[PDB]
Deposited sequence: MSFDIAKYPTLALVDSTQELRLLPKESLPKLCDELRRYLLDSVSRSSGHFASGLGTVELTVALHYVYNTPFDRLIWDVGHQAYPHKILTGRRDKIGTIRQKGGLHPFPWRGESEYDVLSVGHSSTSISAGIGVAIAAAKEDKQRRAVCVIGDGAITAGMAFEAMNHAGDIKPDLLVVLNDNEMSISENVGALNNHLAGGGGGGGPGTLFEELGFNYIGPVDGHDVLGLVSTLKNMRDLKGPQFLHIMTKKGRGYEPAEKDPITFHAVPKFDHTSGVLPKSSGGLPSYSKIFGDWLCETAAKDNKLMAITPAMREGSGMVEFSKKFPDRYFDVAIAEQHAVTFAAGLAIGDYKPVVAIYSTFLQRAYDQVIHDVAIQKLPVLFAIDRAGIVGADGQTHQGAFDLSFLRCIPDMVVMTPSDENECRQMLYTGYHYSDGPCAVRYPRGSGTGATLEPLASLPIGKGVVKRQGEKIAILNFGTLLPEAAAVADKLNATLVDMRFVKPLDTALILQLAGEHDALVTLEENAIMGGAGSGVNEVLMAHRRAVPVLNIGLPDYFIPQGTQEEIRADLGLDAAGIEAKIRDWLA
(Lines of atoms letter the chains of each structure in order from A and count residues from 1; the text may use other names and numbers.)
(Lines give C-alpha, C1' and ligand atoms only; values in the text may rest on other atoms or scores of the structure.)
Protein backbone atom coordinates (compact mmCIF):
# COMPACT_ATOMS: atom_id res chain seq x y z
CA UNK A 1 0.00 0.00 0.00
CA UNK A 2 1.45 3.36 -1.14
CA UNK A 3 0.69 5.57 1.88
CA UNK A 4 2.02 8.60 -0.02
CA UNK A 5 -0.41 8.05 -2.91
CA UNK A 6 -3.49 7.73 -0.72
CA UNK A 7 -2.63 9.70 2.41
CA UNK A 8 -6.22 9.99 3.60
CA UNK A 9 -7.21 6.40 2.86
CA UNK A 10 -4.02 5.46 4.72
CA UNK A 11 -5.61 6.86 7.92
CA UNK A 12 -8.74 4.73 7.99
CA UNK A 13 -7.66 1.07 8.17
CA UNK A 14 -10.66 0.42 10.47
CA UNK A 15 -14.08 2.02 10.42
CA UNK A 16 -13.49 3.11 14.02
CA UNK A 17 -10.70 5.31 12.66
CA UNK A 18 -12.89 6.43 9.79
CA UNK A 19 -15.41 7.77 12.32
CA UNK A 20 -12.70 9.94 13.88
CA UNK A 21 -11.81 11.81 10.66
CA UNK A 22 -12.98 15.42 10.49
CA UNK A 23 -15.98 15.54 8.15
CA UNK A 24 -14.05 18.00 5.93
CA UNK A 25 -11.67 15.17 4.98
CA UNK A 26 -14.35 12.89 3.59
CA UNK A 27 -14.54 14.20 -0.01
CA UNK A 28 -10.76 13.74 -0.36
CA UNK A 29 -11.08 10.25 1.13
CA UNK A 30 -13.77 9.45 -1.47
CA UNK A 31 -11.51 10.64 -4.29
CA UNK A 32 -8.67 8.48 -2.97
CA UNK A 33 -10.91 5.43 -2.53
CA UNK A 34 -12.22 5.83 -6.09
CA UNK A 35 -8.62 6.05 -7.43
CA UNK A 36 -7.49 3.08 -5.33
CA UNK A 37 -10.35 0.94 -6.73
CA UNK A 38 -9.44 1.90 -10.28
CA UNK A 39 -5.79 1.15 -9.58
CA UNK A 40 -6.33 -2.14 -7.76
CA UNK A 41 -9.16 -4.32 -9.09
CA UNK A 42 -8.55 -6.35 -12.23
CA UNK A 43 -10.53 -6.10 -15.45
CA UNK A 44 -17.43 -4.62 -14.71
CA UNK A 45 -17.47 -2.71 -11.39
CA UNK A 46 -19.06 0.66 -12.28
CA UNK A 47 -21.58 0.28 -9.44
CA UNK A 48 -18.65 -0.17 -7.07
CA UNK A 49 -17.22 3.15 -8.22
CA UNK A 50 -20.69 4.73 -8.03
CA UNK A 51 -21.26 3.67 -4.39
CA UNK A 52 -17.99 5.09 -3.00
CA UNK A 53 -19.61 8.16 -1.39
CA UNK A 54 -22.52 6.16 0.02
CA UNK A 55 -20.18 3.58 1.53
CA UNK A 56 -18.01 6.18 3.24
CA UNK A 57 -21.09 7.95 4.59
CA UNK A 58 -22.64 4.73 5.89
CA UNK A 59 -19.57 3.56 7.83
CA UNK A 60 -18.96 7.13 9.06
CA UNK A 61 -22.49 7.38 10.50
CA UNK A 62 -23.35 3.82 11.58
CA UNK A 63 -21.38 2.18 14.38
CA UNK A 64 -20.32 -0.79 12.29
CA UNK A 65 -19.78 -3.74 12.86
CA UNK A 66 -22.13 -3.38 15.89
CA UNK A 67 -24.76 -1.59 13.86
CA UNK A 68 -25.71 -3.89 10.98
CA UNK A 69 -25.22 -2.80 7.36
CA UNK A 70 -26.66 -5.34 4.89
CA UNK A 71 -25.69 -5.08 1.24
CA UNK A 72 -28.02 -6.46 -1.43
CA UNK A 73 -26.10 -8.17 -4.22
CA UNK A 74 -23.78 -6.21 -6.55
CA UNK A 75 -20.39 -4.64 -6.99
CA UNK A 76 -21.84 -1.80 -4.95
CA UNK A 77 -20.05 -3.55 -2.03
CA UNK A 78 -16.43 -3.35 -3.30
CA UNK A 79 -15.60 -0.09 -1.42
CA UNK A 80 -17.15 -1.71 1.65
CA UNK A 81 -14.50 -4.44 1.55
CA UNK A 82 -11.71 -1.89 1.17
CA UNK A 83 -12.86 -0.03 4.29
CA UNK A 84 -13.39 -3.16 6.38
CA UNK A 85 -9.92 -4.65 6.45
CA UNK A 86 -9.60 -6.22 3.00
CA UNK A 87 -7.99 -3.34 1.09
CA UNK A 88 -4.81 -5.20 0.26
CA UNK A 89 -6.72 -8.27 -0.96
CA UNK A 90 -9.16 -6.54 -3.28
CA UNK A 91 -7.12 -7.69 -6.31
CA UNK A 92 -7.91 -11.34 -5.45
CA UNK A 93 -11.68 -10.94 -5.91
CA UNK A 94 -13.33 -13.98 -7.60
CA UNK A 95 -9.99 -15.92 -7.63
CA UNK A 96 -9.72 -19.38 -6.07
CA UNK A 97 -8.77 -18.75 -2.46
CA UNK A 98 -9.39 -15.03 -2.91
CA UNK A 99 -12.01 -12.69 -1.56
CA UNK A 100 -15.63 -13.40 -2.36
CA UNK A 101 -17.27 -11.19 -5.01
CA UNK A 102 -19.90 -10.07 -2.53
CA UNK A 103 -20.13 -9.90 1.24
CA UNK A 104 -19.69 -13.30 2.85
CA UNK A 105 -20.47 -13.88 6.53
CA UNK A 106 -17.44 -16.09 7.02
CA UNK A 107 -15.10 -13.49 5.55
CA UNK A 108 -15.68 -10.58 7.93
CA UNK A 109 -17.61 -9.45 11.01
CA UNK A 110 -18.54 -6.54 8.72
CA UNK A 111 -20.42 -8.86 6.28
CA UNK A 112 -23.81 -9.35 7.88
CA UNK A 113 -25.45 -11.48 5.19
CA UNK A 114 -23.90 -13.53 2.40
CA UNK A 115 -25.51 -12.37 -0.85
CA UNK A 116 -25.29 -13.32 -4.53
CA UNK A 117 -28.90 -13.89 -5.34
CA UNK A 118 -30.65 -10.51 -5.28
CA UNK A 119 -33.40 -8.86 -3.19
CA UNK A 120 -32.73 -10.66 0.09
CA UNK A 121 -31.48 -7.59 2.02
CA UNK A 122 -34.76 -6.02 3.05
CA UNK A 123 -36.19 -9.26 4.38
CA UNK A 124 -33.06 -10.07 6.37
CA UNK A 125 -32.89 -6.40 7.51
CA UNK A 126 -36.41 -6.60 8.93
CA UNK A 127 -35.38 -9.67 10.99
CA UNK A 128 -32.20 -7.93 12.17
CA UNK A 129 -34.13 -4.79 13.15
CA UNK A 130 -36.84 -6.69 15.05
CA UNK A 131 -34.06 -8.56 16.87
CA UNK A 132 -32.28 -5.27 17.60
CA UNK A 133 -35.41 -3.79 19.18
CA UNK A 134 -35.83 -6.78 21.50
CA UNK A 135 -32.13 -6.77 22.37
CA UNK A 136 -32.64 -3.20 23.56
CA UNK A 137 -29.02 -2.10 23.11
CA UNK A 138 -29.83 0.57 20.52
CA UNK A 139 -28.24 -1.38 17.66
CA UNK A 140 -29.31 0.10 14.30
CA UNK A 141 -29.99 -1.61 10.97
CA UNK A 142 -29.59 -0.40 7.37
CA UNK A 143 -29.69 -2.17 4.07
CA UNK A 144 -28.70 -1.02 0.61
CA UNK A 145 -30.65 -2.41 -2.38
CA UNK A 146 -30.21 -1.75 -6.11
CA UNK A 147 -33.02 -0.77 -8.39
CA UNK A 148 -33.00 -4.11 -10.22
CA UNK A 149 -33.25 -6.04 -6.96
CA UNK A 150 -36.28 -4.08 -5.79
CA UNK A 151 -38.30 -5.61 -8.64
CA UNK A 152 -38.34 -9.07 -7.00
CA UNK A 153 -41.44 -10.46 -5.32
CA UNK A 154 -39.67 -11.07 -2.05
CA UNK A 155 -38.63 -7.39 -1.83
CA UNK A 156 -42.27 -6.40 -2.16
CA UNK A 157 -43.26 -8.97 0.45
CA UNK A 158 -40.61 -7.50 2.76
CA UNK A 159 -41.69 -3.88 2.23
CA UNK A 160 -45.34 -4.78 2.77
CA UNK A 161 -44.41 -6.53 6.01
CA UNK A 162 -42.33 -3.52 7.11
CA UNK A 163 -45.37 -1.30 6.55
CA UNK A 164 -47.36 -3.66 8.80
CA UNK A 165 -45.07 -4.20 11.81
CA UNK A 166 -42.96 -1.04 11.39
CA UNK A 167 -39.40 -2.16 12.20
CA UNK A 168 -36.72 0.45 12.81
CA UNK A 169 -34.99 -0.19 9.48
CA UNK A 170 -33.47 2.17 6.94
CA UNK A 171 -33.67 0.93 3.33
CA UNK A 172 -31.37 2.79 0.91
CA UNK A 173 -32.38 2.43 -2.75
CA UNK A 174 -29.12 2.79 -4.73
CA UNK A 175 -29.87 3.73 -8.36
CA UNK A 176 -26.17 3.05 -9.16
CA UNK A 177 -26.55 -0.76 -8.64
CA UNK A 178 -28.28 -2.84 -11.32
CA UNK A 179 -28.24 -6.05 -9.21
CA UNK A 180 -27.47 -8.59 -11.97
CA UNK A 181 -24.75 -10.84 -13.40
CA UNK A 182 -43.26 11.01 -8.08
CA UNK A 183 -40.62 8.34 -7.41
CA UNK A 184 -41.56 7.80 -3.78
CA UNK A 185 -45.31 7.18 -3.96
CA UNK A 186 -44.88 3.37 -4.16
CA UNK A 187 -42.69 3.13 -1.08
CA UNK A 188 -44.93 5.57 0.80
CA UNK A 189 -47.97 3.45 -0.06
CA UNK A 190 -46.13 0.38 1.23
CA UNK A 191 -45.72 2.23 4.54
CA UNK A 192 -42.25 3.84 4.46
CA UNK A 193 -41.19 7.36 5.29
CA UNK A 194 -39.56 8.34 1.95
CA UNK A 195 -36.69 10.83 1.48
CA UNK A 196 -35.15 11.75 -1.85
CA UNK A 197 -34.16 11.30 -4.54
CA UNK A 198 -30.87 12.75 -3.15
CA UNK A 199 -27.41 13.18 -4.71
CA UNK A 200 -25.60 9.90 -4.11
CA UNK A 201 -22.27 11.50 -4.90
CA UNK A 202 -22.41 14.21 -2.20
CA UNK A 203 -20.67 12.52 0.71
CA UNK A 204 -21.35 15.34 3.19
CA UNK A 205 -24.99 15.55 2.15
CA UNK A 206 -25.31 11.82 2.71
CA UNK A 207 -23.64 11.92 6.13
CA UNK A 208 -26.12 14.59 7.26
CA UNK A 209 -29.14 12.73 5.87
CA UNK A 210 -28.07 9.34 7.20
CA UNK A 211 -27.30 10.69 10.67
CA UNK A 212 -30.87 11.97 10.88
CA UNK A 213 -32.56 8.91 9.32
CA UNK A 214 -30.56 6.50 11.51
CA UNK A 215 -32.24 8.12 14.55
CA UNK A 216 -35.81 8.02 13.30
CA UNK A 217 -38.24 5.29 14.29
CA UNK A 218 -40.04 2.93 11.97
CA UNK A 219 -39.48 2.07 8.33
CA UNK A 220 -37.31 4.66 6.54
CA UNK A 221 -36.57 4.77 2.81
CA UNK A 222 -33.73 6.84 1.31
CA UNK A 223 -33.57 7.05 -2.48
CA UNK A 224 -30.17 8.04 -3.88
CA UNK A 225 -29.51 8.85 -7.53
CA UNK A 226 -15.91 -21.90 -29.56
CA UNK A 227 -19.64 -20.95 -29.29
CA UNK A 228 -20.97 -20.77 -25.75
CA UNK A 229 -24.04 -22.84 -24.96
CA UNK A 230 -25.80 -19.51 -24.40
CA UNK A 231 -25.02 -18.46 -27.98
CA UNK A 232 -26.13 -21.90 -29.22
CA UNK A 233 -29.45 -21.34 -27.40
CA UNK A 234 -29.94 -17.80 -28.71
CA UNK A 235 -29.12 -18.89 -32.26
CA UNK A 236 -31.66 -21.71 -31.94
CA UNK A 237 -34.31 -19.25 -30.69
CA UNK A 238 -33.78 -17.09 -33.75
CA UNK A 239 -33.88 -20.03 -36.17
CA UNK A 240 -37.09 -21.29 -34.59
CA UNK A 241 -38.90 -17.94 -34.44
CA UNK A 242 -38.08 -17.28 -38.10
CA UNK A 243 -40.26 -20.24 -39.09
CA UNK A 244 -42.82 -20.52 -36.28
CA UNK A 245 -45.14 -17.75 -34.98
CA UNK A 246 -45.73 -19.68 -31.76
CA UNK A 247 -42.27 -19.35 -30.18
CA UNK A 248 -42.05 -16.91 -27.25
CA UNK A 249 -39.03 -16.53 -25.00
CA UNK A 250 -38.80 -15.15 -21.48
CA UNK A 251 -35.89 -14.09 -19.28
CA UNK A 252 -35.99 -12.75 -15.69
CA UNK A 253 -33.55 -9.89 -16.37
CA UNK A 254 -30.66 -12.02 -17.76
CA UNK A 255 -30.82 -11.21 -21.46
CA UNK A 256 -27.03 -11.01 -22.02
CA UNK A 257 -26.16 -14.00 -19.81
CA UNK A 258 -28.70 -16.29 -21.43
CA UNK A 259 -27.50 -15.28 -24.93
CA UNK A 260 -30.69 -13.51 -26.06
CA UNK A 261 -29.38 -10.06 -27.19
CA UNK A 262 -29.57 -10.78 -30.92
CA UNK A 263 -32.92 -12.56 -30.47
CA UNK A 264 -34.34 -9.56 -28.56
CA UNK A 265 -33.53 -7.29 -31.52
CA UNK A 266 -34.54 -9.64 -34.38
CA UNK A 267 -37.78 -10.80 -32.68
CA UNK A 268 -38.80 -8.08 -30.23
CA UNK A 269 -42.46 -9.27 -30.33
CA UNK A 270 -41.34 -12.78 -29.17
CA UNK A 271 -39.13 -11.58 -26.32
CA UNK A 272 -40.15 -10.81 -22.73
CA UNK A 273 -37.87 -9.58 -19.95
CA UNK A 274 -39.97 -9.70 -16.77
CA UNK A 275 -37.30 -8.05 -14.52
CA UNK A 276 -35.80 -10.01 -11.59
CA UNK A 277 -38.97 -12.03 -11.22
CA UNK A 278 -38.38 -15.77 -11.75
CA UNK A 279 -41.74 -16.74 -10.22
CA UNK A 280 -43.70 -14.51 -12.56
CA UNK A 281 -41.49 -15.59 -15.49
CA UNK A 282 -42.68 -19.20 -15.18
CA UNK A 283 -46.39 -18.55 -14.54
CA UNK A 284 -46.47 -15.97 -17.34
CA UNK A 285 -45.14 -18.77 -19.59
CA UNK A 286 -47.91 -21.04 -18.32
CA UNK A 287 -50.45 -18.38 -19.40
CA UNK A 288 -48.86 -18.12 -22.86
CA UNK A 289 -49.13 -21.90 -23.22
CA UNK A 290 -52.77 -21.86 -22.16
CA UNK A 291 -53.08 -19.29 -24.98
CA UNK A 292 -51.63 -21.87 -27.46
CA UNK A 293 -48.21 -20.18 -27.80
CA UNK A 294 -44.97 -22.11 -27.19
CA UNK A 295 -43.01 -20.38 -24.43
CA UNK A 296 -39.36 -20.95 -23.59
CA UNK A 297 -38.23 -19.87 -20.15
CA UNK A 298 -34.53 -19.04 -20.14
CA UNK A 299 -33.29 -19.22 -16.56
CA UNK A 300 -30.08 -20.12 -14.71
CA UNK A 301 -30.09 -23.30 -12.64
CA UNK A 302 -29.41 -21.36 -9.46
CA UNK A 303 -32.22 -18.83 -10.08
CA UNK A 304 -34.71 -21.56 -11.02
CA UNK A 305 -34.57 -22.47 -7.33
CA UNK A 306 -36.68 -19.38 -6.69
CA UNK A 307 -39.39 -20.45 -9.22
CA UNK A 308 -39.73 -24.08 -8.06
CA UNK A 309 -43.36 -23.77 -6.89
CA UNK A 310 -44.39 -22.24 -10.21
CA UNK A 311 -42.64 -25.11 -12.05
CA UNK A 312 -44.50 -27.69 -9.96
CA UNK A 313 -47.92 -26.10 -9.52
CA UNK A 314 -48.40 -23.84 -12.58
CA UNK A 315 -46.67 -26.02 -15.15
CA UNK A 316 -46.26 -29.71 -14.20
CA UNK A 317 -49.65 -30.06 -12.43
CA UNK A 318 -51.31 -28.41 -15.49
CA UNK A 319 -49.24 -30.54 -17.93
CA UNK A 320 -48.50 -27.39 -19.87
CA UNK A 321 -45.80 -27.69 -22.49
CA UNK A 322 -43.34 -25.03 -21.32
CA UNK A 323 -39.70 -25.45 -22.35
CA UNK A 324 -37.06 -24.57 -19.74
CA UNK A 325 -33.62 -23.61 -21.11
CA UNK A 326 -31.47 -23.87 -18.00
CA UNK A 327 -28.11 -22.08 -18.31
CA UNK A 328 -25.19 -22.07 -15.80
CA UNK A 329 -25.92 -25.71 -14.94
CA UNK A 330 -23.23 -27.42 -12.89
CA UNK A 331 -20.05 -25.58 -11.89
CA UNK A 332 -20.17 -21.86 -12.73
CA UNK A 333 -16.68 -20.80 -11.72
CA UNK A 334 -15.96 -17.31 -10.39
CA UNK A 335 -19.30 -16.49 -8.72
CA UNK A 336 -18.91 -19.42 -6.30
CA UNK A 337 -21.37 -20.94 -3.83
CA UNK A 338 -24.33 -18.58 -4.22
CA UNK A 339 -24.56 -19.19 -7.94
CA UNK A 340 -23.77 -22.88 -8.61
CA UNK A 341 -26.10 -24.82 -10.85
CA UNK A 342 -25.80 -27.66 -8.43
CA UNK A 343 -29.30 -29.01 -7.73
CA UNK A 344 -31.65 -28.83 -10.72
CA UNK A 345 -31.32 -32.52 -11.66
CA UNK A 346 -32.33 -33.41 -8.13
CA UNK A 347 -35.10 -30.93 -7.53
CA UNK A 348 -36.64 -31.34 -11.01
CA UNK A 349 -36.63 -35.11 -11.29
CA UNK A 350 -38.76 -35.77 -8.20
CA UNK A 351 -41.62 -33.83 -9.86
CA UNK A 352 -44.12 -35.94 -11.83
CA UNK A 353 -44.60 -35.29 -15.51
CA UNK A 354 -41.33 -33.37 -15.96
CA UNK A 355 -38.96 -34.36 -18.79
CA UNK A 356 -35.33 -33.59 -17.92
CA UNK A 357 -32.56 -33.58 -20.53
CA UNK A 358 -28.79 -33.17 -20.18
CA UNK A 359 -26.95 -32.51 -23.47
CA UNK A 360 -23.36 -33.60 -23.74
CA UNK A 361 -22.42 -31.09 -26.42
CA UNK A 362 -23.85 -28.22 -28.36
CA UNK A 363 -25.36 -30.41 -31.09
CA UNK A 364 -27.14 -32.47 -28.42
CA UNK A 365 -28.20 -29.18 -26.88
CA UNK A 366 -29.93 -28.07 -30.07
CA UNK A 367 -31.51 -31.51 -30.63
CA UNK A 368 -32.89 -31.43 -27.08
CA UNK A 369 -34.23 -27.90 -27.36
CA UNK A 370 -35.97 -28.94 -30.59
CA UNK A 371 -37.26 -32.12 -28.97
CA UNK A 372 -38.63 -30.29 -25.92
CA UNK A 373 -40.06 -27.52 -28.12
CA UNK A 374 -42.14 -29.99 -30.11
CA UNK A 375 -43.02 -32.21 -27.13
CA UNK A 376 -46.61 -31.32 -26.30
CA UNK A 377 -47.67 -33.62 -23.41
CA UNK A 378 -46.00 -31.57 -20.67
CA UNK A 379 -42.95 -29.50 -19.63
CA UNK A 380 -39.38 -30.24 -20.68
CA UNK A 381 -36.10 -28.94 -19.24
CA UNK A 382 -32.70 -28.80 -21.01
CA UNK A 383 -29.75 -27.84 -18.78
CA UNK A 384 -26.28 -26.82 -19.92
CA UNK A 385 -23.21 -25.13 -18.41
CA UNK A 386 -21.74 -21.68 -18.68
CA UNK A 387 -18.95 -21.61 -21.29
CA UNK A 388 -18.07 -23.31 -24.59
CA UNK A 389 -18.81 -26.72 -25.93
CA UNK A 390 -16.76 -29.22 -27.85
CA UNK A 391 -16.97 -27.90 -31.40
CA UNK A 392 -19.50 -30.63 -32.31
CA UNK A 393 -21.07 -30.49 -35.76
CA UNK A 394 -24.53 -28.95 -35.59
CA UNK A 395 -26.47 -31.73 -37.32
CA UNK A 396 -29.94 -31.40 -38.88
CA UNK A 397 -32.63 -31.19 -36.19
CA UNK A 398 -34.82 -34.18 -35.39
CA UNK A 399 -36.79 -35.11 -32.27
CA UNK A 400 -34.83 -37.47 -30.02
CA UNK A 401 -36.58 -40.67 -28.90
CA UNK A 402 -37.84 -39.81 -25.44
CA UNK A 403 -36.01 -41.53 -22.60
CA UNK A 404 -33.38 -43.29 -24.71
CA UNK A 405 -29.61 -43.17 -24.23
CA UNK A 406 -26.84 -43.69 -26.82
CA UNK A 407 -24.05 -46.26 -26.62
CA UNK A 408 -20.73 -44.56 -27.34
CA UNK A 409 -18.26 -47.36 -26.58
CA UNK A 410 -18.58 -51.09 -25.94
CA UNK A 411 -16.14 -52.36 -23.32
CA UNK A 412 -16.19 -54.91 -20.51
CA UNK A 413 -16.51 -55.22 -16.70
CA UNK A 414 -17.53 -51.58 -16.06
CA UNK A 415 -20.12 -49.39 -17.80
CA UNK A 416 -20.05 -45.57 -17.42
CA UNK A 417 -23.48 -43.87 -17.68
CA UNK A 418 -22.92 -40.17 -18.46
CA UNK A 419 -25.48 -37.38 -17.98
CA UNK A 420 -24.38 -34.12 -19.62
CA UNK A 421 -21.20 -32.28 -20.55
CA UNK A 422 -18.60 -34.39 -18.70
CA UNK A 423 -18.80 -36.92 -21.58
CA UNK A 424 -15.37 -36.08 -23.11
CA UNK A 425 -13.76 -36.77 -19.74
CA UNK A 426 -15.69 -40.03 -19.42
CA UNK A 427 -14.61 -40.96 -22.96
CA UNK A 428 -10.94 -40.64 -22.02
CA UNK A 429 -11.55 -42.81 -18.94
CA UNK A 430 -13.52 -45.46 -20.85
CA UNK A 431 -10.75 -45.84 -23.41
CA UNK A 432 -8.16 -46.12 -20.66
CA UNK A 433 -10.16 -48.72 -18.66
CA UNK A 434 -11.72 -50.44 -21.71
CA UNK A 435 -15.13 -49.65 -20.21
CA UNK A 436 -18.55 -49.41 -21.82
CA UNK A 437 -19.71 -45.80 -22.21
CA UNK A 438 -23.26 -44.55 -22.64
CA UNK A 439 -24.56 -40.97 -23.10
CA UNK A 440 -27.87 -41.19 -21.21
CA UNK A 441 -29.41 -37.95 -22.61
CA UNK A 442 -32.47 -38.15 -20.32
CA UNK A 443 -32.46 -37.80 -16.53
CA UNK A 444 -36.19 -38.32 -16.68
CA UNK A 445 -37.61 -40.55 -18.00
CA UNK A 446 -34.57 -42.79 -17.69
CA UNK A 447 -33.72 -45.41 -20.33
CA UNK A 448 -34.58 -48.30 -17.99
CA UNK A 449 -34.09 -51.01 -20.61
CA UNK A 450 -30.55 -49.82 -21.28
CA UNK A 451 -29.81 -49.61 -17.56
CA UNK A 452 -30.99 -53.22 -17.15
CA UNK A 453 -28.97 -54.42 -20.14
CA UNK A 454 -25.84 -52.65 -18.87
CA UNK A 455 -26.34 -54.15 -15.41
CA UNK A 456 -26.76 -57.58 -16.93
CA UNK A 457 -23.45 -57.39 -18.81
CA UNK A 458 -21.04 -55.58 -16.44
CA UNK A 459 -19.84 -56.15 -12.89
CA UNK A 460 -20.45 -52.55 -11.88
CA UNK A 461 -21.80 -49.28 -13.21
CA UNK A 462 -20.50 -45.72 -12.82
CA UNK A 463 -22.82 -42.72 -13.14
CA UNK A 464 -21.52 -39.25 -13.94
CA UNK A 465 -23.21 -35.86 -13.73
CA UNK A 466 -22.43 -32.22 -12.90
CA UNK A 467 -25.06 -32.04 -10.16
CA UNK A 468 -25.31 -33.01 -6.53
CA UNK A 469 -24.86 -36.75 -6.07
CA UNK A 470 -27.66 -36.67 -3.48
CA UNK A 471 -30.97 -37.13 -5.34
CA UNK A 472 -29.27 -36.56 -8.70
CA UNK A 473 -29.38 -38.38 -12.04
CA UNK A 474 -27.22 -41.28 -10.90
CA UNK A 475 -29.35 -41.68 -7.78
CA UNK A 476 -32.21 -42.15 -10.25
CA UNK A 477 -30.30 -45.02 -11.89
CA UNK A 478 -29.86 -46.62 -8.44
CA UNK A 479 -33.62 -46.46 -7.93
CA UNK A 480 -34.34 -48.31 -11.20
CA UNK A 481 -31.88 -51.06 -10.35
CA UNK A 482 -33.30 -51.53 -6.86
CA UNK A 483 -36.87 -51.50 -8.15
CA UNK A 484 -35.88 -54.39 -10.41
CA UNK A 485 -34.08 -56.20 -7.55
CA UNK A 486 -30.77 -55.86 -9.46
CA UNK A 487 -28.35 -54.91 -6.67
CA UNK A 488 -25.44 -54.25 -9.06
CA UNK A 489 -23.10 -51.70 -7.42
CA UNK A 490 -23.06 -48.22 -8.92
CA UNK A 491 -20.47 -45.53 -8.29
CA UNK A 492 -22.38 -42.21 -8.38
CA UNK A 493 -19.91 -39.47 -9.44
CA UNK A 494 -21.03 -35.85 -9.21
CA UNK A 495 -20.96 -32.83 -6.87
CA UNK A 496 -20.10 -33.52 -3.20
CA UNK A 497 -22.41 -32.53 -0.32
CA UNK A 498 -21.02 -29.04 0.26
CA UNK A 499 -21.50 -25.70 -1.47
CA UNK A 500 -18.88 -25.40 -4.22
CA UNK A 501 -16.39 -22.53 -3.82
CA UNK A 502 -15.10 -20.06 -6.40
CA UNK A 503 -12.43 -20.57 -9.05
CA UNK A 504 -12.19 -21.21 -12.76
CA UNK A 505 -14.59 -23.87 -13.98
CA UNK A 506 -11.58 -25.87 -15.11
CA UNK A 507 -9.70 -25.74 -11.83
CA UNK A 508 -12.78 -26.42 -9.65
CA UNK A 509 -13.76 -29.43 -11.77
CA UNK A 510 -10.23 -30.73 -11.30
CA UNK A 511 -10.35 -30.06 -7.56
CA UNK A 512 -13.63 -32.05 -7.30
CA UNK A 513 -12.21 -34.95 -9.24
CA UNK A 514 -14.44 -34.33 -12.27
CA UNK A 515 -11.73 -34.40 -14.96
CA UNK A 516 -10.53 -37.62 -16.60
CA UNK A 517 -7.78 -38.13 -14.03
CA UNK A 518 -10.15 -37.55 -11.11
CA UNK A 519 -12.85 -39.84 -12.51
CA UNK A 520 -10.37 -42.66 -13.10
CA UNK A 521 -8.96 -42.31 -9.59
CA UNK A 522 -12.47 -42.44 -8.07
CA UNK A 523 -13.31 -45.64 -9.95
CA UNK A 524 -10.05 -47.34 -8.99
CA UNK A 525 -10.43 -46.34 -5.33
CA UNK A 526 -14.01 -47.57 -5.24
CA UNK A 527 -13.18 -50.91 -6.89
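- According to the record, no C-alpha positions are given for deposited positions 1-2, 46-48, 187-203, 248-283, 586, numbered from 1.
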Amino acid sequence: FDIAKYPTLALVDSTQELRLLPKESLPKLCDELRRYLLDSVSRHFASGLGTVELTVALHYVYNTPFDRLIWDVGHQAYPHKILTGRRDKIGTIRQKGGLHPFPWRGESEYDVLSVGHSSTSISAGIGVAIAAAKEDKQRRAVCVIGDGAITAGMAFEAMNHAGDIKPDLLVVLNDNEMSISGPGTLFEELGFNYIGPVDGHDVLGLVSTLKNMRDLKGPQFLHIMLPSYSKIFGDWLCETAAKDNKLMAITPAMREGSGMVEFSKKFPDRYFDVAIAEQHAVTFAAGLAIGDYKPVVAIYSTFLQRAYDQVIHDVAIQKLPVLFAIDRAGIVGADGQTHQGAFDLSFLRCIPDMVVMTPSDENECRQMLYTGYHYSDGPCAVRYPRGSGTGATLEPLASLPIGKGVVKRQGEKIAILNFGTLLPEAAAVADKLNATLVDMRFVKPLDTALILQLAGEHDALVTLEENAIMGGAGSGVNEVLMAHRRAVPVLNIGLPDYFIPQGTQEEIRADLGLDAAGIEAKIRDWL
From here on, numbers count along this sequence of modelled residues.
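- Just going by the entry, 88-96 versus 303-311 on mean CA temperature factor gives the higher value to 88-96.
- When the C-alpha B-factors of 471-479 and 485-493 are averaged, 485-493 comes out higher.
- Of the candidates 437, 154, 440, 171, it is 437 whose Cα B-factor is highest according to the PDB record.
- Of all the options 339, 265, 386, 413, the entry's greatest CA B-factor is assigned to 413.
- For residue 245, the recorded CA temperature factor ranks within the highest third of the chain's modelled residues.
- When the CA B factors of the chain's modelled residues are split into thirds, the value for residue 217 lands in the middle one.
- Ranked by Cα temperature factor within the chain, residue 209 sits in the middle third according to the deposited record.
- Sort the chain's modelled residues by C-alpha temperature factor and residue 251 lands in the lowest third, per the entry.
- Ranked against the other modelled residues of its chain, the C-alpha B-factor of residue 432 as given in the entry falls in the highest third.
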